[PDB]
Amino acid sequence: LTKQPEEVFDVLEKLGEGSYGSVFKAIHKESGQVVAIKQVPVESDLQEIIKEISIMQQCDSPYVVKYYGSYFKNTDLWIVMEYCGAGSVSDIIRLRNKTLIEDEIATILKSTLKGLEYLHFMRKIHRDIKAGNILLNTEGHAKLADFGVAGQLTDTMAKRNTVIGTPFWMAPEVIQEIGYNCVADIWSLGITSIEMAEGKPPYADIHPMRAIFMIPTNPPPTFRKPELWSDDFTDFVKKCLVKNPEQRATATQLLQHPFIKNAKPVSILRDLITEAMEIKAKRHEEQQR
C-alpha cells in the first residue's frame, strides 16, 4: 500500500546507539507491536549494512535478535528489529550503578552461550560481543544483538583474516592477523564476564589504539580482585581467556562448564530488571519536569 513510514510506525524516544545509527523505540500501528528501529544515514556504507541484515535473516533463534523490515524515510535507512524491554546488560548495569553478582552473571552468560552456540553452528562470527550488545527480555531472556561487524564462514576449517570489533574485547588472534575461527567470540565473552563483574573491561582506562597493540603481547587478563570471585567463575573466565585459539573452549563445551551448569533460571533476573526500569522511568519523569 502507499503508506508512509510514520503511518506504519509511531516513533518514540531513542533507546540508545546502534552500531551504524541511533536506535529508537517504536510501535507498529497495525498490530500494536513494540519494535526497535535503527536509523542509518545514506552516507554510511550500505554494502556492509546489507551484509549485516542478511546474517540476521539467516538466523532464527530465541537468543538472536530478529530483523523484521526496512524502510526509507527522507534519505535514510530505517531497520526494524525485535525490541527488548530490559535493554542492554550494559544499560542495566549503568542505571542500577551496581555490577552484577555471580549468580546474575552465570544466568545471563548461559543464555548468551546458547546464542553463541547457535551462531557458531551457523558458521557466523559476531565479532563484537560485549555487554552493550547483549540484550535482555523483560522476561529476562538474553539475545545477541548488533551484528554490525559480523562475519561468515564457508567451512568448518575456514578462517577470516579481517581485524575488526571493539578493541578491548578483541581476541589476540584477530589482532595478530593469523586468521581466526568462531572461537574468537569466546575470548570476547571472557572479557565481557569481567565487564559484568567489574563494570568495565580491562585496559578501559588506556587509549584503545595503544591497547590493541598490547593485547597479543600481554598475558591473559585477570580479575582486579581475585579474592572476591568464586572458583567456578574464576576457572570459567580462565578458560575463556586463553591466548591460543586451539586451547580455547568452544561454546558447546562452556555450557557443560560448572559455572554455567549450575546457573539459575531467568526468573532470578526479574527483580534486577524491574529495578533498572523504575530507575529509568524516574529519570524519565524527572526529565518531563
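Each residue number is its position in the shown sequence, starting from 1.
Annotation for 29 to 37 versus 42 to 50: the higher mean temperature factor (C-alpha) is found in 42 to 50. On average the C-alpha atoms of 154 to 162 have higher B-factors than those of the other stretch, with 184 to 192 and 154 to 162 being the two compared. Of the candidates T112, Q176, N97, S88, it is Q176 whose Cα B-factor is highest according to the PDB record.
Set against one another, the Cα B-factors of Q247, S61, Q57, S230 in the record reach their highest point at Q247. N133 sits in the lowest third of its chain by CA B factor, as recorded in the PDB entry.
Among the modelled residues of the chain, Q253 sits in the lowest third by CA temperature factor in this PDB entry. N262: CA B factor lies in the highest third for its chain, per the PDB record. The deposited CA B-factor of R127 belongs to the lowest third of values across its chain.
Among the modelled residues of its chain, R210 has a C-alpha B-factor that falls in the middle third, as given in the PDB entry.
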